[PDB]
Amino acid sequence: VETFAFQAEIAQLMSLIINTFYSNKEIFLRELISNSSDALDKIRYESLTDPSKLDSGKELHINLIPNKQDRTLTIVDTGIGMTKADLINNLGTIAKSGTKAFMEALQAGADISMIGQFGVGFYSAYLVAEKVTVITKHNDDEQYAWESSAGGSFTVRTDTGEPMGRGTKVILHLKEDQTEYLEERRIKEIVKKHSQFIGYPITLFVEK
Ligand SMILES: COc1ccc(-c2c(-c3cc(Cl)c(O)cc3O)noc2NC(=O)C(C)C)cc1
C-alpha cells in the first residue's frame with residue numbers, strides 16, 4: 001500500500017467541503033454519475049476505432065448499489081477506467097486549476113452545487129462520505145484501489161478483490177447522519193431530479 005499527500009489545493013478543497021455548512025448534499029450523486037457518464041463516453045468513442053477495447057465488456061451502464069448493513073452506497077460503471085498515473089498524478093494536476101477556479105467562484109458568491117463546472121465534482125462525495133474507496137480497471141493496466149478519508153492523504157494499492165473487467169466502482173462509506181442516501185425512494189428521487197437525461201442505463205439495485 002502506497003500513501004500519498006494530496007496537493008495543498010485539493011486538501012484545502014476537501015476541508016472546505018467537509019467543514020462548510022451546506023444542506024443540499026444530494027448533489028454528490030449527480031456529480032459521480034456525471035463522471036461515470038464521461039468515462040463511458042470515452043470507452044464508447046475509443047471503441048469506434050478499436051473494437052477490441054470492448055473485449056473487457058461490451059455493456060455500457062451504471063449501477064447504484066445501496067447496502068444498509070455496510071452503510072455504503074456503491075456506484076459502478078463500465079467506463080474506460082483509470083490508470084495508476086491517472087490516480088496518483090495526472091487527474092490531480094488537472095484538479096489543481098479546477099480547484100483554484102472553483103475557490104475563486106465561491107468567493108464571487110457561487111455555491112457548492114456548481115462544483116462540477118470546474119471538473120472537480122468527485123470531491124463532493126465528502127459531503128456524505130467519511131471514506132471513499134475507488135476501485136478501477138483500465139484496459140492494459142492492473143486493477144487498483146484508491147482510498148481516502150481526507151485529512152490530507154490518500155492511498156493506492158493493486159486490488160486483489162473481485163476482478164472488474166473494465167470500469168470504476170466508487171464505494172461511499174456514509175457518515176452516520178447521511179443514511180437517507182441508502183433509501184430506494186430517496187435515490188430514485190435524486191436520479192430523476194438531476195440525472196434524468198444521462199445517456200446510459202442507470203439501474204438502482206434494491207436491498208435484500
Ligand atoms: C471529471 O473528471 C473525470 C476524471 C476521470 C474520470 C474517469 C473514471 C471515473 C472517475 C470517477 Cl471519480 C467516477 O466517479 C467515475 C468514473 O468512471 N474512470 O475513468 C476515467 N477516465 C476519464 O474520464 C479520462 C477522460 C480522463 C471521469 C471524470
# chains A, B, ... in the order shown; residues from 1 in each chain; ligands from 1
>>> select_by_dssp(residues="segment 41-97 of chain A", states="alpha helix (DSSP H)", output="compact mmCIF listing (two decimals) with N, CA, C and O atoms, in the first residue's frame")
# COMPACT_ATOMS: atom_id res chain seq x y z
N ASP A 41 -18.57 7.59 -22.06
CA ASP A 41 -18.41 8.25 -23.35
C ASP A 41 -17.04 7.93 -23.94
O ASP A 41 -16.90 7.72 -25.14
N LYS A 42 -16.02 7.91 -23.08
CA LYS A 42 -14.66 7.74 -23.56
C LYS A 42 -14.41 6.35 -24.13
O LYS A 42 -13.87 6.22 -25.23
N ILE A 43 -14.83 5.31 -23.41
CA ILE A 43 -14.65 3.97 -23.95
C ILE A 43 -15.52 3.76 -25.20
O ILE A 43 -15.10 3.09 -26.15
N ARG A 44 -16.69 4.34 -25.22
CA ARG A 44 -17.54 4.22 -26.38
C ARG A 44 -16.86 4.82 -27.61
O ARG A 44 -16.81 4.23 -28.62
N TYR A 45 -16.33 6.01 -27.48
CA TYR A 45 -15.66 6.67 -28.59
C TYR A 45 -14.45 5.88 -29.05
O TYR A 45 -14.29 5.63 -30.24
N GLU A 46 -13.61 5.47 -28.10
CA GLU A 46 -12.39 4.76 -28.46
C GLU A 46 -12.70 3.45 -29.16
O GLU A 46 -11.95 3.03 -30.04
N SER A 47 -13.80 2.81 -28.78
CA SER A 47 -14.17 1.52 -29.38
C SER A 47 -14.56 1.64 -30.85
O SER A 47 -14.56 0.65 -31.58
N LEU A 48 -14.89 2.85 -31.29
CA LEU A 48 -15.25 3.06 -32.70
C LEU A 48 -14.07 2.84 -33.64
O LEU A 48 -14.25 2.40 -34.78
N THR A 49 -12.87 3.16 -33.17
CA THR A 49 -11.67 2.94 -33.97
C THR A 49 -10.92 1.67 -33.57
O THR A 49 -10.12 1.14 -34.35
N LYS A 84 -2.98 3.86 -13.14
CA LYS A 84 -2.26 4.26 -11.94
C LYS A 84 -1.80 5.71 -12.03
O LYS A 84 -1.93 6.46 -11.06
N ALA A 85 -1.29 6.11 -13.19
CA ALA A 85 -0.88 7.50 -13.41
C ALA A 85 -2.04 8.49 -13.24
O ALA A 85 -1.87 9.57 -12.67
N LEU A 91 -4.73 13.24 -12.96
CA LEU A 91 -6.02 13.87 -12.68
C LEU A 91 -5.86 14.98 -11.66
O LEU A 91 -6.48 16.03 -11.77
N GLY A 92 -5.00 14.76 -10.67
CA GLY A 92 -4.71 15.79 -9.69
C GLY A 92 -4.11 17.06 -10.30
O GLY A 92 -4.42 18.16 -9.86
N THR A 93 -3.23 16.91 -11.29
CA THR A 93 -2.67 18.06 -11.98
C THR A 93 -3.79 18.91 -12.57
O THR A 93 -3.80 20.14 -12.46
N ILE A 94 -4.75 18.24 -13.21
CA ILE A 94 -5.90 18.96 -13.76
C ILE A 94 -6.77 19.55 -12.66
O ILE A 94 -7.26 20.68 -12.77
N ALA A 95 -6.96 18.78 -11.59
CA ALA A 95 -7.81 19.20 -10.50
C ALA A 95 -7.29 20.46 -9.80
O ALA A 95 -8.06 21.18 -9.18
N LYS A 96 -5.99 20.72 -9.89
CA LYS A 96 -5.43 21.92 -9.26
C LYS A 96 -6.01 23.22 -9.84
O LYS A 96 -6.46 24.10 -9.10
N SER A 97 -6.01 23.35 -11.16
CA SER A 97 -6.55 24.55 -11.77
C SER A 97 -8.06 24.65 -11.57
O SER A 97 -8.59 25.73 -11.30
>>> residues_near_ligand(ligand="ligand 1", cutoff="8 Å", atoms="only C-alpha atoms and all ligand atoms", output="PyMOL selection string")
chain A and resi 31-40+42+75-83+86+91+116+119-122+134+136+138+167-170
>>> select_by_dssp(residues="chain A", states="strand (DSSP E)", output="ChimeraX atom specification")
/A:2-5,62-67,72-77,129-137,143-148,153-158,167-174,202-204
>>> residues_around(residues="residue 1 of chain A", least_positions_apart="6", cutoff="8 Å", atoms="only C-alpha atoms", output="list in words")
residues 155, 156, 157 and 158 of chain A
>>> atom_distance(atom1="atom CA of residue 166 of chain A", atom2="atom CA of residue 67 of chain A")
22.5 Å
>>> residues_around(residues="segment 15-29 of chain A", least_positions_apart="4", cutoff="8 Å", atoms="only C-alpha atoms", output="list in words")
residues 11, 33, 112, 113, 121, 122, 123, 124, 125, 126, 127, 128, 150, 151, 190, 191 and 194 of chain A
>>> decode(residues="segment 32-72 of chain A", atoms="N, CA and C atoms", output="short mmCIF file (atom, residue, chain, number, x, y, z; two decimals), in the first residue's frame")
data_model
loop_
_atom_site.label_atom_id
_atom_site.label_comp_id
_atom_site.auth_asym_id
_atom_site.auth_seq_id
_atom_site.Cartn_x
_atom_site.Cartn_y
_atom_site.Cartn_z
N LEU A 32 -21.11 12.21 -9.35
CA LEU A 32 -20.47 10.93 -9.58
C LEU A 32 -21.06 10.26 -10.82
N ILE A 33 -22.37 10.37 -10.99
CA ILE A 33 -22.99 9.81 -12.19
C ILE A 33 -22.47 10.52 -13.44
N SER A 34 -22.24 11.83 -13.32
CA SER A 34 -21.67 12.59 -14.43
C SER A 34 -20.28 12.07 -14.79
N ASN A 35 -19.45 11.80 -13.78
CA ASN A 35 -18.13 11.27 -14.04
C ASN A 35 -18.20 9.91 -14.71
N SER A 36 -19.12 9.06 -14.24
CA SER A 36 -19.31 7.75 -14.85
C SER A 36 -19.70 7.91 -16.32
N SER A 37 -20.65 8.80 -16.58
CA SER A 37 -21.09 9.05 -17.94
C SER A 37 -19.93 9.50 -18.83
N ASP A 38 -19.08 10.37 -18.30
CA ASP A 38 -17.90 10.82 -19.05
C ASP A 38 -16.97 9.66 -19.40
N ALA A 39 -16.74 8.77 -18.44
CA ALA A 39 -15.85 7.64 -18.64
C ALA A 39 -16.45 6.66 -19.65
N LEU A 40 -17.77 6.52 -19.59
CA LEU A 40 -18.49 5.68 -20.55
C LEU A 40 -18.40 6.27 -21.95
N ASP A 41 -18.57 7.59 -22.06
CA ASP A 41 -18.41 8.25 -23.35
C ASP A 41 -17.04 7.93 -23.94
N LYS A 42 -16.02 7.91 -23.08
CA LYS A 42 -14.66 7.74 -23.56
C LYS A 42 -14.41 6.35 -24.13
N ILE A 43 -14.83 5.31 -23.41
CA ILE A 43 -14.65 3.97 -23.95
C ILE A 43 -15.52 3.76 -25.20
N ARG A 44 -16.69 4.34 -25.22
CA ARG A 44 -17.54 4.22 -26.38
C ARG A 44 -16.86 4.82 -27.61
N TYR A 45 -16.33 6.01 -27.48
CA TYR A 45 -15.66 6.67 -28.59
C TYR A 45 -14.45 5.88 -29.05
N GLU A 46 -13.61 5.47 -28.10
CA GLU A 46 -12.39 4.76 -28.46
C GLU A 46 -12.70 3.45 -29.16
N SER A 47 -13.80 2.81 -28.78
CA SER A 47 -14.17 1.52 -29.38
C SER A 47 -14.56 1.64 -30.85
N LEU A 48 -14.89 2.85 -31.29
CA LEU A 48 -15.25 3.06 -32.70
C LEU A 48 -14.07 2.84 -33.64
N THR A 49 -12.87 3.16 -33.17
CA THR A 49 -11.67 2.94 -33.97
C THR A 49 -10.92 1.67 -33.57
N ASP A 50 -11.19 1.16 -32.37
CA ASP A 50 -10.57 -0.08 -31.92
C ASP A 50 -11.57 -0.95 -31.15
N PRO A 51 -12.37 -1.72 -31.87
CA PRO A 51 -13.42 -2.55 -31.26
C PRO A 51 -12.89 -3.51 -30.19
N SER A 52 -11.61 -3.84 -30.24
CA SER A 52 -11.05 -4.79 -29.28
C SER A 52 -11.04 -4.21 -27.86
N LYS A 53 -11.19 -2.89 -27.76
CA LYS A 53 -11.24 -2.26 -26.45
C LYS A 53 -12.46 -2.67 -25.63
N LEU A 54 -13.44 -3.28 -26.29
CA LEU A 54 -14.63 -3.77 -25.61
C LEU A 54 -14.54 -5.26 -25.28
N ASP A 55 -13.38 -5.87 -25.51
CA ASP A 55 -13.18 -7.27 -25.14
C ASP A 55 -13.39 -7.46 -23.64
N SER A 56 -13.14 -6.40 -22.87
CA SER A 56 -13.27 -6.45 -21.42
C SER A 56 -14.68 -6.13 -20.94
N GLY A 57 -15.63 -6.08 -21.88
CA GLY A 57 -17.03 -5.89 -21.57
C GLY A 57 -17.71 -4.96 -22.55
N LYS A 58 -18.78 -5.43 -23.20
CA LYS A 58 -19.46 -4.62 -24.20
C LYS A 58 -20.53 -3.71 -23.61
N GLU A 59 -21.09 -4.10 -22.47
CA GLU A 59 -22.21 -3.35 -21.92
C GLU A 59 -21.74 -2.07 -21.25
N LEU A 60 -22.36 -0.95 -21.63
CA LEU A 60 -22.04 0.36 -21.07
C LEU A 60 -23.19 0.84 -20.19
N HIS A 61 -22.97 0.83 -18.88
CA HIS A 61 -24.04 1.14 -17.95
C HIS A 61 -23.52 1.55 -16.59
N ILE A 62 -24.45 1.99 -15.75
CA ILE A 62 -24.18 2.45 -14.39
C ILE A 62 -25.11 1.71 -13.42
N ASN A 63 -24.55 1.15 -12.34
CA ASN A 63 -25.35 0.52 -11.30
C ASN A 63 -25.19 1.28 -10.00
N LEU A 64 -26.29 1.48 -9.28
CA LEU A 64 -26.27 2.10 -7.96
C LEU A 64 -26.65 1.04 -6.94
N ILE A 65 -25.78 0.80 -5.96
CA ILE A 65 -25.99 -0.32 -5.06
C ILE A 65 -25.89 0.11 -3.60
N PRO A 66 -27.04 0.30 -2.94
CA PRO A 66 -27.01 0.65 -1.52
C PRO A 66 -26.85 -0.61 -0.66
N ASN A 67 -26.16 -0.48 0.46
CA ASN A 67 -26.02 -1.58 1.41
C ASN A 67 -26.12 -1.02 2.82
N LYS A 68 -27.26 -1.24 3.47
CA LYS A 68 -27.51 -0.68 4.79
C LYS A 68 -26.68 -1.35 5.86
N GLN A 69 -26.38 -2.63 5.66
CA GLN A 69 -25.56 -3.39 6.60
C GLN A 69 -24.15 -2.81 6.69
N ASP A 70 -23.58 -2.47 5.54
CA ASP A 70 -22.23 -1.92 5.48
C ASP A 70 -22.24 -0.39 5.52
N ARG A 71 -23.43 0.19 5.44
CA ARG A 71 -23.60 1.64 5.33
C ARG A 71 -22.80 2.20 4.15
N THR A 72 -22.90 1.53 3.01
CA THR A 72 -22.22 2.01 1.81
C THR A 72 -23.18 2.22 0.67
#
